[PDB]
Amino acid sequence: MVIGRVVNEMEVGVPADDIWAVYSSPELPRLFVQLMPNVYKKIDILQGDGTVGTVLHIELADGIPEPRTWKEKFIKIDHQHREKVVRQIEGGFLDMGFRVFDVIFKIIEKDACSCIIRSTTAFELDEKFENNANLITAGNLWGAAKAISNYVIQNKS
């Protein structure tokens, strides 16, 4: 099997708690559609109150390369460590040879007034489909870090 991860890190000049408050917020499914229309077309909440166990249905914008639709589940929201794990559970990359497809957001304290958004995409991929690993790029989830940090910064202004 192909075991793989991509990671990017964004430094943000606000405290970690202020960024984690939004990444962990159950309102995030709405903010993705609201703030990133070129990425997220429609997100439905299928089950749950926004805490662990919540299931979403994702539809990406027209013309974005496949996969554009899937169901995902919030499987970890660790407030201690400011780490959120979201796992695809139906469709999406699971129909393209991936046996596991996780996205992990970790908000790292840099100092009292700045933090790092670490966005990890981690997967296990059938070797018969190894070329699909090239669909996963080091820029994955950077746009979301940019949109969420911008939302927090400008609202403080």
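Don't overthink the numbering: it's just position in the shown sequence, from 1.
The stretch 128-136 shows the higher mean C-alpha B-factor when 38-46 is compared against 128-136 in the entry. Averaged over CA atoms, B-factors in the entry run higher in 108-116 than in the other of 53-61 and 108-116.
Ranked by C-alpha B-factor against the other modelled residues of its chain, residue 66 falls in the highest third. Per-chain ranking of the deposited C-alpha B factor places residue 6 in the lowest third.
Per the PDB record, residue ranking by Cα B-factor puts residue 95 in the highest third of the chain. Residue 28 sits in the highest third of its chain by CA B factor, as recorded in the PDB entry. Residue-level temperature factors show residue 14 in the highest third of its chain, judged at the C-alpha atom.
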